[PDB]
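A.B. asks: Below you'll find protein_3.cif; it's mmCIF, C-alpha atoms; chains and numbers go by the auth columns.
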data_model
#
loop_
_atom_site.group_PDB
_atom_site.id
_atom_site.type_symbol
_atom_site.label_atom_id
_atom_site.label_comp_id
_atom_site.label_asym_id
_atom_site.label_seq_id
_atom_site.Cartn_x
_atom_site.Cartn_y
_atom_site.Cartn_z
_atom_site.B_iso_or_equiv
_atom_site.auth_seq_id
_atom_site.auth_asym_id
ATOM 1 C CA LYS A 1 86.434 -51.405 161.880 0.00 1 A
ATOM 2 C CA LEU A 2 89.967 -52.340 163.094 0.00 2 A
ATOM 3 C CA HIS A 3 90.778 -53.861 166.465 0.00 3 A
ATOM 4 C CA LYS A 4 93.913 -54.472 168.490 0.00 4 A
ATOM 5 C CA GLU A 5 94.677 -58.050 169.486 0.00 5 A
ATOM 6 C CA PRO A 6 97.196 -59.343 172.065 0.00 6 A
ATOM 7 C CA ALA A 7 100.570 -60.834 170.904 0.00 7 A
ATOM 8 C CA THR A 8 103.908 -61.732 172.512 0.00 8 A
ATOM 9 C CA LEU A 9 107.411 -60.985 171.205 0.00 9 A
ATOM 10 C CA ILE A 10 109.502 -63.966 170.128 0.00 10 A
ATOM 11 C CA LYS A 11 112.307 -62.087 168.278 0.00 11 A
ATOM 12 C CA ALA A 12 112.792 -58.687 166.611 0.00 12 A
ATOM 13 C CA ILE A 13 114.146 -59.663 163.141 0.00 13 A
ATOM 14 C CA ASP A 14 114.793 -56.385 161.327 0.00 14 A
ATOM 15 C CA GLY A 15 113.396 -52.885 160.820 0.00 15 A
ATOM 16 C CA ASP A 16 110.032 -54.068 159.574 0.00 16 A
ATOM 17 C CA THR A 17 109.663 -57.737 160.526 0.00 17 A
ATOM 18 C CA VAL A 18 109.068 -59.257 164.001 0.00 18 A
ATOM 19 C CA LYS A 19 108.326 -62.825 165.079 0.00 19 A
ATOM 20 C CA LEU A 20 105.387 -62.949 167.516 0.00 20 A
ATOM 21 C CA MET A 21 103.231 -65.510 169.337 0.00 21 A
ATOM 22 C CA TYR A 22 99.699 -64.727 168.033 0.00 22 A
ATOM 23 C CA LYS A 23 96.732 -66.733 169.401 0.00 23 A
ATOM 24 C CA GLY A 24 99.108 -69.562 170.444 0.00 24 A
ATOM 25 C CA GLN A 25 101.088 -69.831 167.215 0.00 25 A
ATOM 26 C CA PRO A 26 104.412 -68.305 166.203 0.00 26 A
ATOM 27 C CA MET A 27 104.285 -66.139 163.122 0.00 27 A
ATOM 28 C CA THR A 28 106.363 -63.562 161.326 0.00 28 A
ATOM 29 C CA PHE A 29 104.707 -60.181 160.874 0.00 29 A
ATOM 30 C CA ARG A 30 105.632 -57.672 158.178 0.00 30 A
ATOM 31 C CA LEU A 31 104.709 -54.075 159.125 0.00 31 A
ATOM 32 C CA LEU A 32 102.009 -52.631 156.876 0.00 32 A
ATOM 33 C CA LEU A 33 102.621 -49.635 154.621 0.00 33 A
ATOM 34 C CA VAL A 34 106.347 -49.101 155.320 0.00 34 A
ATOM 35 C CA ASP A 35 109.329 -49.748 153.051 0.00 35 A
ATOM 36 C CA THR A 36 112.738 -48.531 151.968 0.00 36 A
ATOM 37 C CA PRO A 37 113.714 -46.295 149.087 0.00 37 A
ATOM 38 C CA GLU A 38 115.246 -48.217 146.224 0.00 38 A
ATOM 39 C CA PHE A 39 119.001 -47.456 146.256 0.00 39 A
ATOM 40 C CA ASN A 40 118.828 -45.769 149.654 0.00 40 A
ATOM 41 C CA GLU A 41 118.868 -49.135 151.429 0.00 41 A
ATOM 42 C CA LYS A 42 120.926 -47.688 154.182 0.00 42 A
ATOM 43 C CA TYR A 43 119.441 -47.024 157.576 0.00 43 A
ATOM 44 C CA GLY A 44 118.949 -50.827 157.601 0.00 44 A
ATOM 45 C CA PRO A 45 120.855 -51.371 160.892 0.00 45 A
ATOM 46 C CA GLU A 46 119.429 -48.157 162.399 0.00 46 A
ATOM 47 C CA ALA A 47 115.896 -49.297 161.502 0.00 47 A
ATOM 48 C CA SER A 48 116.579 -52.753 162.938 0.00 48 A
ATOM 49 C CA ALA A 49 117.905 -51.334 166.254 0.00 49 A
ATOM 50 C CA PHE A 50 114.946 -48.860 166.440 0.00 50 A
ATOM 51 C CA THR A 51 112.272 -51.568 166.022 0.00 51 A
ATOM 52 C CA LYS A 52 114.262 -53.958 168.277 0.00 52 A
ATOM 53 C CA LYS A 53 114.396 -51.391 171.108 0.00 53 A
ATOM 54 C CA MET A 54 110.724 -50.514 170.693 0.00 54 A
ATOM 55 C CA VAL A 55 109.360 -54.103 170.841 0.00 55 A
ATOM 56 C CA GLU A 56 111.815 -55.530 173.359 0.00 56 A
ATOM 57 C CA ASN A 57 111.112 -52.801 175.866 0.00 57 A
ATOM 58 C CA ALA A 58 107.322 -52.901 175.502 0.00 58 A
ATOM 59 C CA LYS A 59 105.137 -54.264 178.304 0.00 59 A
ATOM 60 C CA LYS A 60 102.320 -54.909 175.792 0.00 60 A
ATOM 61 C CA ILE A 61 102.490 -55.833 172.106 0.00 61 A
ATOM 62 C CA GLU A 62 99.337 -55.639 169.991 0.00 62 A
ATOM 63 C CA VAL A 63 98.579 -56.761 166.425 0.00 63 A
ATOM 64 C CA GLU A 64 96.046 -54.839 164.351 0.00 64 A
ATOM 65 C CA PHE A 65 95.074 -56.375 161.035 0.00 65 A
ATOM 66 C CA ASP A 66 93.705 -54.030 158.376 0.00 66 A
ATOM 67 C CA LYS A 67 90.593 -54.716 156.228 0.00 67 A
ATOM 68 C CA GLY A 68 92.476 -56.237 153.277 0.00 68 A
ATOM 69 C CA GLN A 69 94.608 -59.337 152.826 0.00 69 A
ATOM 70 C CA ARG A 70 96.140 -60.513 156.153 0.00 70 A
ATOM 71 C CA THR A 71 99.192 -62.339 154.788 0.00 71 A
ATOM 72 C CA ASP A 72 101.615 -61.606 151.994 0.00 72 A
ATOM 73 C CA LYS A 73 102.866 -64.004 149.285 0.00 73 A
ATOM 74 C CA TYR A 74 105.759 -64.956 151.586 0.00 74 A
ATOM 75 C CA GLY A 75 103.243 -66.104 154.227 0.00 75 A
ATOM 76 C CA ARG A 76 104.000 -63.221 156.630 0.00 76 A
ATOM 77 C CA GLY A 77 101.114 -61.656 158.615 0.00 77 A
ATOM 78 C CA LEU A 78 100.499 -58.065 157.524 0.00 78 A
ATOM 79 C CA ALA A 79 99.586 -55.715 160.421 0.00 79 A
ATOM 80 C CA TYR A 80 100.066 -52.519 162.333 0.00 80 A
ATOM 81 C CA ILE A 81 102.088 -53.336 165.431 0.00 81 A
ATOM 82 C CA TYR A 82 101.772 -51.380 168.684 0.00 82 A
ATOM 83 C CA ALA A 83 104.279 -51.273 171.564 0.00 83 A
ATOM 84 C CA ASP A 84 102.532 -49.936 174.702 0.00 84 A
ATOM 85 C CA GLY A 85 100.043 -48.171 172.454 0.00 85 A
ATOM 86 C CA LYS A 86 102.584 -46.566 170.124 0.00 86 A
ATOM 87 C CA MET A 87 102.416 -47.757 166.522 0.00 87 A
ATOM 88 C CA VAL A 88 105.780 -49.092 165.372 0.00 88 A
ATOM 89 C CA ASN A 89 104.903 -48.499 161.686 0.00 89 A
ATOM 90 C CA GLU A 90 104.202 -44.801 162.377 0.00 90 A
ATOM 91 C CA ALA A 91 107.312 -44.300 164.499 0.00 91 A
ATOM 92 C CA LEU A 92 109.631 -45.657 161.753 0.00 92 A
ATOM 93 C CA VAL A 93 108.108 -43.288 159.204 0.00 93 A
ATOM 94 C CA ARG A 94 108.119 -40.359 161.645 0.00 94 A
ATOM 95 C CA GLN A 95 111.917 -40.912 162.104 0.00 95 A
ATOM 96 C CA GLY A 96 112.631 -40.967 158.362 0.00 96 A
ATOM 97 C CA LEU A 97 113.764 -44.616 158.639 0.00 97 A
ATOM 98 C CA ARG A 98 111.045 -45.876 156.274 0.00 98 A
ATOM 99 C CA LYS A 99 108.933 -44.258 153.571 0.00 99 A
ATOM 100 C CA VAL A 100 105.209 -44.981 153.117 0.00 100 A
ATOM 101 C CA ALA A 101 104.721 -47.966 150.819 0.00 101 A
ATOM 102 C CA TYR A 102 102.268 -48.608 147.997 0.00 102 A
ATOM 103 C CA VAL A 103 98.971 -50.125 149.243 0.00 103 A
ATOM 104 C CA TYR A 104 98.849 -53.907 149.164 0.00 104 A
ATOM 105 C CA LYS A 105 95.433 -55.530 148.646 0.00 105 A
ATOM 106 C CA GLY A 106 93.196 -52.944 150.331 0.00 106 A
ATOM 107 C CA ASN A 107 95.315 -52.424 153.464 0.00 107 A
ATOM 108 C CA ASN A 108 95.076 -48.598 153.526 0.00 108 A
ATOM 109 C CA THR A 109 93.380 -47.661 156.818 0.00 109 A
ATOM 110 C CA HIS A 110 96.371 -45.789 158.296 0.00 110 A
ATOM 111 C CA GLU A 111 97.825 -44.674 154.942 0.00 111 A
ATOM 112 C CA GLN A 112 96.938 -40.978 155.515 0.00 112 A
ATOM 113 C CA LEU A 113 98.163 -41.133 159.153 0.00 113 A
ATOM 114 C CA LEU A 114 101.499 -42.499 157.910 0.00 114 A
ATOM 115 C CA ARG A 115 101.622 -39.940 155.079 0.00 115 A
ATOM 116 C CA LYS A 116 101.320 -37.194 157.786 0.00 116 A
ATOM 117 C CA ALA A 117 104.281 -38.699 159.707 0.00 117 A
ATOM 118 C CA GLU A 118 106.256 -38.896 156.440 0.00 118 A
ATOM 119 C CA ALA A 119 105.531 -35.211 155.604 0.00 119 A
ATOM 120 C CA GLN A 120 107.074 -34.193 158.947 0.00 120 A
ATOM 121 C CA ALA A 121 110.147 -36.428 158.596 0.00 121 A
ATOM 122 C CA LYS A 122 110.601 -34.914 155.155 0.00 122 A
ATOM 123 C CA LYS A 123 110.214 -31.327 156.410 0.00 123 A
ATOM 124 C CA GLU A 124 112.850 -32.109 159.032 0.00 124 A
ATOM 125 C CA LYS A 125 115.141 -33.752 156.414 0.00 125 A
ATOM 126 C CA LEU A 126 115.511 -36.877 158.573 0.00 126 A
ATOM 127 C CA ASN A 127 117.618 -39.826 157.482 0.00 127 A
ATOM 128 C CA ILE A 128 116.150 -40.994 154.139 0.00 128 A
ATOM 129 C CA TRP A 129 115.046 -37.399 153.471 0.00 129 A
ATOM 130 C CA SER A 130 118.464 -35.864 154.227 0.00 130 A
ATOM 131 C CA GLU A 131 119.580 -35.465 150.585 0.00 131 A
ATOM 132 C CA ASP A 132 116.496 -33.710 149.019 0.00 132 A
#
Would you mind giving the structure from this file in C-alpha coordinates?
C.D. replies:
Amino acid sequence: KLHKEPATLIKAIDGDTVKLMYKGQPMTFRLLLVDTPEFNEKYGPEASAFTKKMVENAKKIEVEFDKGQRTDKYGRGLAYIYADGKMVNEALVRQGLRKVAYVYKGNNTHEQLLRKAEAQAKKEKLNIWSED
(Lines of atoms letter the chains of each structure in order from A and count residues from 1; the text may use other names and numbers.)
(Lines give C-alpha, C1' and ligand atoms only; values in the text may rest on other atoms or scores of the structure.)
Protein backbone atom coordinates (compact mmCIF):
# COMPACT_ATOMS: atom_id res chain seq x y z
CA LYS A 1 0.00 0.00 0.00
CA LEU A 2 3.09 2.29 0.15
CA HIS A 3 4.02 4.87 -2.46
CA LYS A 4 7.07 6.96 -3.25
CA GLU A 5 6.63 10.73 -3.30
CA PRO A 6 9.00 13.41 -4.67
CA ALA A 7 11.19 15.49 -2.26
CA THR A 8 14.22 17.79 -2.55
CA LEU A 9 17.34 17.83 -0.36
CA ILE A 10 17.84 20.88 1.84
CA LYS A 11 20.65 19.53 4.10
CA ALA A 12 21.98 16.12 5.19
CA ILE A 13 22.03 16.46 9.03
CA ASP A 14 23.43 13.17 10.33
CA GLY A 15 23.38 9.42 9.73
CA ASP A 16 19.64 9.10 10.05
CA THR A 17 18.14 12.58 9.71
CA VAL A 18 17.83 14.75 6.56
CA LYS A 19 16.06 18.07 5.97
CA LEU A 20 13.94 17.95 2.79
CA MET A 21 11.45 20.12 0.88
CA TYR A 22 8.28 17.94 0.84
CA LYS A 23 5.18 19.23 -1.00
CA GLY A 24 6.48 22.83 -0.72
CA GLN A 25 7.41 22.78 2.96
CA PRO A 26 10.74 22.14 4.68
CA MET A 27 10.74 19.27 7.12
CA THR A 28 13.16 17.07 8.98
CA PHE A 29 12.85 13.36 8.27
CA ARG A 30 14.01 10.61 10.62
CA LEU A 31 14.75 7.32 8.80
CA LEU A 32 12.36 4.54 9.78
CA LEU A 33 13.52 1.38 11.54
CA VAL A 34 17.23 2.25 11.96
CA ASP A 35 19.14 3.12 15.13
CA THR A 36 22.41 2.77 16.99
CA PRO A 37 23.47 0.24 19.58
CA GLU A 38 23.46 1.65 23.08
CA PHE A 39 27.12 2.14 24.09
CA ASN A 40 28.38 1.50 20.56
CA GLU A 41 27.55 5.07 19.53
CA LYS A 42 30.58 5.17 17.35
CA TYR A 43 30.28 5.06 13.60
CA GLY A 44 28.41 8.37 14.11
CA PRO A 45 30.66 10.38 11.74
CA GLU A 46 30.94 7.44 9.31
CA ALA A 47 27.14 7.12 9.24
CA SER A 48 26.78 10.88 8.74
CA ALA A 49 29.26 10.93 5.81
CA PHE A 50 27.59 7.82 4.26
CA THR A 51 24.07 9.33 4.29
CA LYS A 52 25.47 12.75 3.25
CA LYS A 53 27.21 11.26 0.19
CA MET A 54 24.15 9.20 -0.74
CA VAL A 55 21.60 12.08 -0.65
CA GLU A 56 23.85 14.85 -1.97
CA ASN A 57 24.82 12.85 -5.02
CA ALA A 58 21.30 11.67 -5.86
CA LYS A 59 19.47 13.01 -8.91
CA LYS A 60 16.12 12.02 -7.34
CA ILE A 61 15.08 11.88 -3.68
CA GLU A 62 11.84 10.13 -2.74
CA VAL A 63 9.92 9.91 0.55
CA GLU A 64 7.89 6.80 1.34
CA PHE A 65 5.68 6.96 4.40
CA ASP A 66 4.73 3.66 6.03
CA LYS A 67 1.18 2.71 7.17
CA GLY A 68 1.62 3.85 10.79
CA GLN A 69 2.26 7.20 12.44
CA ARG A 70 3.95 9.68 10.03
CA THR A 71 5.69 11.90 12.60
CA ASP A 72 7.50 11.20 15.83
CA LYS A 73 7.09 13.01 19.18
CA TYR A 74 9.86 15.42 18.12
CA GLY A 75 7.77 16.42 15.07
CA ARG A 76 10.09 14.71 12.55
CA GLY A 77 8.55 12.95 9.51
CA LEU A 78 9.10 9.19 9.69
CA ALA A 79 9.84 7.59 6.27
CA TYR A 80 11.91 5.37 4.07
CA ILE A 81 14.13 7.61 1.96
CA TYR A 82 15.33 6.65 -1.52
CA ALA A 83 18.28 8.14 -3.44
CA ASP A 84 17.94 7.26 -7.15
CA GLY A 85 15.86 4.26 -6.16
CA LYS A 86 18.21 2.93 -3.48
CA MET A 87 16.78 2.95 0.04
CA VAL A 88 19.03 4.88 2.41
CA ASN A 89 17.62 3.04 5.46
CA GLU A 90 18.55 -0.34 3.93
CA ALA A 91 22.01 0.76 2.84
CA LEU A 92 22.95 1.94 6.37
CA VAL A 93 21.89 -1.40 7.84
CA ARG A 94 23.57 -3.37 5.04
CA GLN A 95 26.87 -1.56 5.91
CA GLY A 96 26.63 -2.34 9.63
CA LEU A 97 26.34 1.41 10.39
CA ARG A 98 22.88 1.04 11.97
CA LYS A 99 20.98 -1.84 13.53
CA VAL A 100 17.26 -2.47 12.91
CA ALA A 101 15.16 -0.55 15.44
CA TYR A 102 12.07 -1.52 17.41
CA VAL A 103 8.83 -0.82 15.49
CA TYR A 104 7.27 2.56 16.21
CA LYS A 105 3.48 2.82 15.91
CA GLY A 106 2.83 0.25 13.17
CA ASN A 107 5.65 1.32 10.82
CA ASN A 108 6.90 -2.21 10.00
CA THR A 109 6.48 -2.67 6.23
CA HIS A 110 10.21 -3.02 5.45
CA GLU A 111 11.17 -4.53 8.83
CA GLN A 112 11.90 -8.00 7.35
CA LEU A 113 13.77 -6.45 4.38
CA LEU A 114 15.97 -4.53 6.83
CA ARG A 115 16.39 -7.61 9.04
CA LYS A 116 17.78 -9.44 5.93
CA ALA A 117 20.31 -6.61 5.34
CA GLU A 118 21.26 -6.74 9.04
CA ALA A 119 21.81 -10.54 8.93
CA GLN A 120 24.34 -10.05 6.12
CA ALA A 121 26.17 -7.16 7.81
CA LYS A 122 26.36 -9.36 10.89
CA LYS A 123 27.66 -12.39 8.95
CA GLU A 124 30.33 -10.13 7.48
CA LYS A 125 31.16 -8.66 10.93
CA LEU A 126 30.81 -5.10 9.60
CA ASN A 127 31.34 -2.07 11.81
CA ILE A 128 28.81 -2.40 14.68
CA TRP A 129 29.03 -6.20 14.30
CA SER A 130 32.84 -6.32 14.40
CA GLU A 131 33.16 -7.36 18.07
CA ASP A 132 30.70 -10.35 18.24
A.B. asks: Taking 5 positions as the minimum chain separation for residues in the same chain, which residues sit within 12 Å of residue 6 in chain A when counting only C-alpha atoms? Answer as a ChimeraX atom specification.
C.D. replies: /A:20-24,59-65,81-85
A.B. asks: Using all atoms listed in the file, which residue out of A:35, A:88, A:58, A:129 lies closest to residue 104 in chain A?
C.D. replies: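 Smallest separation from residue 104 in chain A among the options: A:35.
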A.B. asks: Find the residues around residue 97 in chain A up to 10 Å (only C-alpha atoms counted), leave out those fewer than 3 positions away in its own chain, and share them as JSON, numbers by chain.
C.D. replies: {"A": [15, 34, 35, 36, 37, 41, 42, 43, 44, 46, 47, 48, 50, 91, 92, 93, 94, 118, 121, 126, 127, 128, 129]}
A.B. asks: CA of residue 95 in chain A and CA of residue 73 in chain A are how many Å apart?
C.D. replies: 27.9 Å
A.B. asks: Can you work out the spacing between CA of residue 103 in chain A and CA of residue 69 in chain A in Å, to one decimal?
C.D. replies: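 Atom-to-atom, CA of residue 103 in chain A and CA of residue 69 in chain A are spaced 10.8 Å apart.
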A.B. asks: I want to know what sits within 12 Å of residue 17 in chain A, based on all atoms listed in the file, with residues of the same chain fewer than 5 positions away left out; could you give that as a list in words?
C.D. replies: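 Here the qualifying residues turn out to be residues 9, 10, 11, 12, 27, 28, 29, 30, 31, 32, 34, 35, 44, 47, 48, 49, 50, 51, 52, 55, 76, 77, 78, 79, 80, 81, 88 and 89 of chain A.
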A.B. asks: Measuring atom to atom with all atoms listed in the file, identify which of A:87, A:113, A:14, A:96 is nearest to residue 125 in chain A.
C.D. replies: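 Of all the options, A:96 lies closest to residue 125 in chain A.
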A.B. asks: The centre and edge lengths of an axis-aligned box containing all atoms of range 119-125 of chain A present in the file, extended by 8 Å on each side, are to be given in Å to one decimal, as JSON.
C.D. replies:
{"center_x": 110.3, "center_y": -33.9, "center_z": 157.1, "size_x": 25.6, "size_y": 21.1, "size_z": 19.9}
A.B. asks: Work out how far CA of residue 106 in chain A is from CA of residue 39 in chain A, in Å to one decimal.
C.D. replies: 26.7 Å
A.B. asks: For the structure provided, state which residues fall under the PyMOL selection byres ((chain A and resi 110) around 10), and present them as JSON, numbers by chain.
C.D. replies: {"A": [32, 33, 66, 80, 89, 90, 107, 108, 109, 111, 112, 113, 114, 115, 116]}
A.B. asks: Suppose a student applies the PyMOL selection byres ((chain A and resi 1) around 9) to this structure; what residues should they get, written as JSON, numbers by chain?
C.D. replies: {"A": [2, 3, 66, 67]}
A.B. asks: Which is closer to residue 4 in chain A than all the others in A:99, A:119, A:86, A:71, using only C-alpha atoms?
C.D. replies: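 Under the stated criterion, the closest residue is A:86.
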A.B. asks: Generate the missing atoms of range 19-31 of chain A up to N, CA and C atoms and report them as a tab-separated table (two decimals), in the frame of the given file.
C.D. replies:
chain	number	residue	atom	x	y	z
A	19	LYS	N	108.95	-61.54	164.83
A	19	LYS	CA	108.33	-62.82	165.08
A	19	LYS	C	107.56	-62.72	166.39
A	20	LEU	N	106.27	-63.05	166.35
A	20	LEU	CA	105.39	-62.95	167.52
A	20	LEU	C	104.64	-64.26	167.75
A	21	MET	N	104.27	-64.53	169.01
A	21	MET	CA	103.23	-65.51	169.34
A	21	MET	C	101.89	-64.77	169.11
A	22	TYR	N	101.02	-65.32	168.27
A	22	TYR	CA	99.70	-64.73	168.03
A	22	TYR	C	98.66	-65.84	168.14
A	23	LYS	N	97.76	-65.71	169.13
A	23	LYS	CA	96.73	-66.73	169.40
A	23	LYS	C	97.34	-68.14	169.50
A	24	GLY	N	98.47	-68.26	170.19
A	24	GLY	CA	99.11	-69.56	170.44
A	24	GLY	C	100.10	-70.05	169.41
A	25	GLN	N	100.18	-69.38	168.27
A	25	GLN	CA	101.09	-69.83	167.22
A	25	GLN	C	102.14	-68.80	166.84
A	26	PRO	N	103.39	-69.24	166.64
A	26	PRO	CA	104.41	-68.31	166.20
A	26	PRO	C	104.23	-67.91	164.74
A	27	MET	N	104.30	-66.62	164.49
A	27	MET	CA	104.28	-66.14	163.12
A	27	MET	C	105.10	-64.88	162.92
A	28	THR	N	105.61	-64.74	161.71
A	28	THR	CA	106.36	-63.56	161.33
A	28	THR	C	105.38	-62.54	160.82
A	29	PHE	N	105.53	-61.31	161.29
A	29	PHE	CA	104.71	-60.18	160.87
A	29	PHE	C	105.56	-59.20	160.10
A	30	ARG	N	105.04	-58.75	158.95
A	30	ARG	CA	105.63	-57.67	158.18
A	30	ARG	C	104.77	-56.43	158.46
A	31	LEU	N	105.42	-55.33	158.82
A	31	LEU	CA	104.71	-54.08	159.12
A	31	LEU	C	104.06	-53.52	157.88
